[PDB]
């Protein structure tokens, strides 16, 4: 309750920084998240201490499969398309082709779209 807890407390700049600092690795295993009813792909920024939408720029399905792998869905992958961001976000995570830690902070997305990653075909019943 001064920084980020591991259930050990961590400085939020060491949360999601690529180096596993909690003994249970809690600081490095929950760094990718889907946001909102549109599955806006988000990555936690250690520097900005915030969750940020991944830009659709140069994002392919293997990066989604990897984010899906990093979220516990393993080889489950359903959809990764670009969508307008409804997460109310101002900073975004763009890919430096040269999951998390493979992105960098940008305030725009050249595609104008964020990644909507659907790791599993779920949430559908008999009635649309």
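The term rigid core refers to the maximal set of C-alpha atoms that superpose within 1.5 Å between the two forms. Numbering follows the first chain given and starts at 1.
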Checklist entry - Which of these two stretches, 85-93 or 43-51, has the larger RMS Cα offset in 5 other deposited structures of this protein when the rigid core is kept aligned? => result 85-93
Item to check | residue 125 dropped from a third or more of the other entries of this protein | outcome: no
Checklist entry - Which class describes the count of deposited residues lacking coordinates between residue 98 and residue 99: none, 1 to 3, 4 to 9, or 10 or more? => result 4 to 9
Item to check | Per the entry, higher mean C-alpha B factor between 111-119 and 11-19 | outcome: 11-19
Next on the checklist: Quick check: 71-79 versus 99-107, which has the larger average CA B-factor in the record?
Outcome noted: 99-107
Checklist outcome for this item: Scanning 56, 29, 42, 46 for peak Cα temperature factor in the entry gives 46
Next on the checklist: Going by the CA temperature factor in the PDB record, which third of the chain does residue 60 belong to: lowest, middle or highest?
Outcome noted: highest
Checklist entry - Which third, lowest, middle or highest, does the CA B-factor of residue 4 fall in along this chain? => result highest
